[PDB]
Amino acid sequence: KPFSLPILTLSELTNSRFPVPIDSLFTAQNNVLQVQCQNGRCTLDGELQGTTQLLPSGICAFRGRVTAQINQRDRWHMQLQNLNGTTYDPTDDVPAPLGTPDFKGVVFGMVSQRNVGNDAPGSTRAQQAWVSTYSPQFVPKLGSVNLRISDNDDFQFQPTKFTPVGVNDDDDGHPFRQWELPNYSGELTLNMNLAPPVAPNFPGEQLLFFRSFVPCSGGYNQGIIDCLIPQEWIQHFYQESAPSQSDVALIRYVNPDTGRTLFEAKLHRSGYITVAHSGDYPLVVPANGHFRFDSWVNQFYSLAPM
């Protein structure tokens, strides 16, 4: 079963860590700080890892029921279900329900409700809401998160969905940090079942990211969210489940009109890309360009500089 990539331009790709299109490619200087995102994690033979699930509309979304309120800024207690509406099992071998945000910050969007049972069944409402992943009530692994909402008088103990729109720094200092994992079980607890950290370990190699500039709700944050591989690749590997023949798939970024290769990169078995380059660099590439699978190589392959 031969390995392959979907043929898609950057504007035809979705960020696997936030539900927006990809804007550009970026390679980052290797620093001390570790890359360990939990969404957008998938092996080349199609094993989803961390909190990764298949739907763009599941990324940083929540589903469940609002069951209580507390006298705290994170006021409304949302008891979570899996995004498909099935019962969430906290003893499952995942860091958190699939789709949970994998960064520290505030996700802003909207909550919507639709009543079931005895109390005005079928009645609906929606409003602006925020989820702080710094909150001591952000404990999705245990089965709940607390919401901040704009109108505390129009919100009921009913089935609720959170739809994400963007991110921001909190307004009491706590900054948006895309590479800092939240505490999925709250303060004084350690995360479990994590997709492993990723780093280049070949001299002169750096990670290559698919970058999006997501919306923000005030101030000057650039909204940068970088993912290892786009959601469409994850979807493709899941379908194909092609066995991986070595630790590294050599891939070429090609211009399909002119037919030429623009640069090459290493796509590692565990689902991330490295290139031979030194320094932060937003890539300058033609809009019609896309990656294509060349061959199976190994860790020691020496990339042409990019």
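All residue numbers are counted from 1 along the displayed sequence.
> Tell me which of 224-232 and 196-204 has the higher mean C-alpha B-factor in the deposited entry.
Comparing averages over the C-alpha atoms only gives 196-204.
> Pick between 238-246 and 51-59: the one whose mean CA B-factor in the entry is higher.
Taking the mean B-factor of the alpha carbons in each, 238-246 is higher.
> For the C-alpha B-factor as written in the entry, point me to the maximum among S185, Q178, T86, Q113.
The listed residue with the largest C-alpha B-factor is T86.
> Which is it among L33, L267, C37, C42: the one with the largest CA B-factor in the entry?
Max CA B-factor in the entry, restricted to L33, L267, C37, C42: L33.
> Using the B-factors in the PDB entry, rank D294's C-alpha atom against the chain and give the third, lowest, middle or highest.
For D294, the deposited C-alpha B-factor lands in the highest third.
> Which third, lowest, middle or highest, does the C-alpha temperature factor of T100 belong to within its own chain?
Bottom third by C-alpha B-factor.
> Going by what the PDB entry lists, where does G122 fall on CA B-factor within its chain: lowest, middle or highest third?
According to the entry, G122 has a C-alpha B-factor in the chain's middle third.
> Taking the C-alpha B-factors as the PDB entry records them, is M78 in the lowest, middle or highest third of its chain?
Within its chain, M78 is a middle-third residue by C-alpha B-factor, going by the deposited values.
> Using the B-factors in the PDB entry, rank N146's C-alpha atom against the chain and give the third, lowest, middle or highest.
According to the entry, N146 has a C-alpha B-factor in the chain's lowest third.
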